[PDB]
Amino acid sequence: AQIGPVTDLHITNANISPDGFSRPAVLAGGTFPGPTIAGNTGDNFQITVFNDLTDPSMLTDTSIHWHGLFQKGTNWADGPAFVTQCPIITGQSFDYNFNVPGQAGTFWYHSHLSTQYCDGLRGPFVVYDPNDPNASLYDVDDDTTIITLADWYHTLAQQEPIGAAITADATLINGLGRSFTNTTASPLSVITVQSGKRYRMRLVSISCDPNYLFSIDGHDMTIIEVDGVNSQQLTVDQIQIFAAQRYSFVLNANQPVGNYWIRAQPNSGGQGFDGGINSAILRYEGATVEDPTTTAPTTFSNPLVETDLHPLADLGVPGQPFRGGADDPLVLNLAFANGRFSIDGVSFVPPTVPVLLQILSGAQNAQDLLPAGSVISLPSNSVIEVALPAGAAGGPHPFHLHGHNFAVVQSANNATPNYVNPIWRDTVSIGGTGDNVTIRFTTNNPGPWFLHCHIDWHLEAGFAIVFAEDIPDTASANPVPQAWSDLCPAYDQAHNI
Ligand SMILES: *[C@@H]1O[C@H](CO)[C@@H](O[C@@H]2O[C@H](CO)[C@@H](O[C@@H]3O[C@H](CO)[C@@H](O)[C@H](O)[C@@H]3O)[C@H](O)[C@H]2NC(C)=O)[C@H](O)[C@H]1NC(C)=O
Ligand SMILES: *[C@@H]1O[C@H](CO)[C@@H](O[C@@H]2O[C@H](CO)[C@@H](O)[C@H](O)[C@H]2NC(C)=O)[C@H](O)[C@H]1NC(C)=O
Ligand SMILES: [Cu+2]
Ligand SMILES: [Cu+2]
Ligand SMILES: [Cu+2]
Ligand SMILES: [Cu+2]
Ligand SMILES: [F-]
């Protein structure tokens, strides 16, 4: 069952074995991935998060972010630790009480403290549209049509040794999959369809790191949504999906009744499908209960290319149709050296006082805000452009902005910008060496919004800044509940800060 939009959500420690290997985890709702949180566009979500964590090896504090939901007027509910709140301590709870006006699509929720989401605190978050303009393109859209892609590690996130390369041990599709080494024939996920019907498959990357080449043998996929933004129909036979991105695609159950491999090839970790790694099963009703015998092509015919996507609505691009044609045009210097990432020379280290609380306490320019050099002010009611030139090690880096989606004026691997009809989204690959991926948005959401790489290991190593959007109006725009005011005193007392 889906839960919400008003629900409790308990965060616990438990053992799981999603690839046959047992390890402790941090779970929402007792499962990996967590249960789907759902409602309709415009609903009031009231998610009372109970922190019941006791195992310090995965941190006993927590904080949860509702990835891709704008939180206008509720910045305090956004979740990034030390950006919008202090963490919730064990034995306490916190009500994330917010609304989702003007948004409908496929989202997710995840811990936003340290690398804790990698230890298991990740799940889907769907905001349905009772008047969805795409409704007539499919028959079925429910919990059974959500597809999550996850990296899974045998080593605990806090225990990943300093100076050793971090790669995953299994790809999990809907929570199940097989380990890349010492592979055992543990159960694979099955996604069931009925011959003749059409499905809105909601593909969610809950990855901490790898991007996946996602495909379904014998089938193609008609993209209708990108990171919450309705798109024109785009038929592809493979989707490269980066950490934290989402697509909805129409799957037409138009192949012979049978079993077909679902493939999700990560860019690191195990390569290929030996022993059924990187795999799940598409099973038609009435098919034999057996593994598929299908194969992938050597070369896919119609891979997704991001510049092929266009909004369903006439979204345009704000500003003027040339580089720098914005009220506040930025170019960020994104670098890596010696184990740390930096943005314009500053590596992000979370501050003791959350940025939002610093602002509410009267800090009124970004030079006054901690961490020094990590908080950049944005002016209100302005077109912002951010160029994100690639080159830093560990790419391709999927950058994400809280509080906003954005026009992708320039995409990976293509030097030509698009000032007419590019897709809008919230997480974008910045590509490869010499690329100049560039985003645009307008500032109509006062508050501190995190901009960061969504490879969690990179975020932890400093690949972030905070955009303090409209500092002057942040306090008036975001009244805070007493429970939020109580978070930092409780956290600092428990931690003897
Ligand atoms: C690299 O990125 C650019 C910019 O996003 C892509 O250019 C765009 O390509 C499309 C598809 O060919 C062009 O639109 C087409 O416009 C013609 C009118 O000439 C119309 O008849 C077609 O039906 C279609 O809509 C679009 O104008 C063009 N935009 C720009 C700014 O150049 C390009 O395709 C990407 N390269 C690759 C290899 O995908
Ligand atoms: C990415 O695009 C930005 C503009 O959006 C480029 O920024 C210019 O950088 C040069 C120095 O390299 C400056 O003289 C200009 O003032 C910048 N702004 C402009 C022209 O609008 C940036 O160089 C591009 N980066 C790459 C790697 O292509
Ligand atoms: Cu987010
Ligand atoms: Cu996120
Ligand atoms: Cu990164
Ligand atoms: Cu985030
Ligand atoms: F977000």
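Counting neighbours? That spans all protein chains shown, and the Cβs are built from the backbone with ideal geometry, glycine included. All of this is worked out from the model, or read from it or from the source named; nothing here is a laboratory result.
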With the structure loaded, tell me whether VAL409 is of a type in the set (A, V, I, L, M, F, W, C), within 16 Å of ligand 7 (Cβ to nearest atom), not assigned by CATH to the domain that holds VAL100 and not in a loop (DSSP other than H, G, I, E, B) or whether it fails that test. no
Which residues, counting only those in segment 242-295, are of a type in the set (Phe, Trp, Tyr) and over 26 Å from the mean Cα position of the chain (by Cα)? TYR260, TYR284
Given (1) assigned to a helix (DSSP H, G or I); (2) crowded, with 20+ Cβ neighbours inside 10 Å; (3) not charged (D, E, K, R), identify the lone condition not met by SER136. (2)
Scope segment 3-31; condition within 20 Å of the chain's Cα centre (by Cα) and buried (at least 17 other Cβ atoms within 10 Å of the Cβ); matching residues: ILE3, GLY4, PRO5, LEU9, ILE11, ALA25, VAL26, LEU27, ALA28, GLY29
In this structure, is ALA313 part of a loop (DSSP other than H, G, I, E, B) and of a type in the set (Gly, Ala, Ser)? yes
Which number in (1) touching a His at 6+ places or on another chain (Cβ under 8 Å); (2) within 16 Å of ligand 7 (Cβ to nearest atom) marks the one condition that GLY394 misses? (2)
Suppose we filter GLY79, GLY91 for residues that are among the small types (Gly, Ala, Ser) and within 23 Å of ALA464 (Cα to Cα); which single one remains? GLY79
Please go through segment 247-293 and pick out each residue that is farther than 20 Å from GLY20 by Cβ and of a type in the set (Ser, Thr, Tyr). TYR247, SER248, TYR260, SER268, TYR284, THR288, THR293
Go through the residues of segment 381-391 one by one and say whether even a single one is buried (at least 19 other Cβ atoms within 10 Å of the Cβ) and touching a helix residue (DSSP H, G or I) at 6+ places or on another chain (Cβ under 9 Å). no
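Yes/no per residue for (1) in contact (Cβ under 8 Å) with a residue 24 or more places away in the chain; (2) in contact with an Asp or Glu (Cβ under 9 Å, 6 or more places away or on another chain); (3) not in a loop (DSSP other than H, G, I, E, B):
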position: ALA415; (1), (2), (3): no, yes, no
position: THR433; (1), (2), (3): yes, no, no
position: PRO448; (1), (2), (3): yes, yes, yes
position: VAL466; (1), (2), (3): yes, no, yes
Checking the condition of a type outside the set (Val, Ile, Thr), part of a loop (DSSP other than H, G, I, E, B) and either within 16 Å of ligand 5 (Cβ to nearest atom) or more than 18 Å from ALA393 (Cα to Cα) (or both), which residue from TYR491, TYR419 passes? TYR419
Give the number of residues within segment 49-96 that are in a strand (DSSP E or B) and of a type in the set (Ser, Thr, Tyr). 3
Being of a type in the set (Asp, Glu) and more than 16 Å from ligand 6 (Cβ to nearest atom) is the filter; apply it to segment 23-78 and report the residue that is nearest to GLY91 (Cα to Cα). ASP52
Check segment 405-421 and report whether any residue there is buried (at least 18 other Cβ atoms within 10 Å of the Cβ), within 16 Å of ligand 4 (Cβ to nearest atom) and polar (S, T, N, Q). yes
For segment 229-262, give me the residue count where each residue is surrounded by 22 or more Cβ atoms within 10 Å (Cβ to Cβ) and either outside the structural domain of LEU176 (by CATH) or not in a strand (DSSP E or B) (or both). 4
Out of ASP426, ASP435, report the one residue that is within 16 Å of ligand 4 (Cβ to nearest atom) and out of contact with any helix residue (DSSP H, G or I) (no Cβ under 9 Å at 6 or more places or on another chain). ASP426
Report yes if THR181 is outside any strand (DSSP E or B) and not assigned by CATH to the domain that holds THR74, otherwise no. yes
When residues of segment 432-464 are limited to those that are of a type in the set (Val, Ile, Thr) and surrounded by fewer than 24 Cβ atoms within 10 Å (Cβ to Cβ), the one farthest from ligand 6 (Cβ to nearest atom): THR433
Yes/no for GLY270 being outside the structural domain of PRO187 (by CATH), assigned to a loop (DSSP other than H, G, I, E, B), away from ligand 3 (no atom under 16 Å from the Cβ) and in contact (Cβ under 8 Å) with a residue 24 or more places away in the chain: no
Of the numbered conditions (1) of a type in the set (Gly, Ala, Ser); (2) in contact with a helix residue (DSSP H, G or I) (Cβ under 8 Å, 6 or more places away or on another chain); (3) part of a loop (DSSP other than H, G, I, E, B), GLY20 satisfies every one except a single condition; which is it? (2)
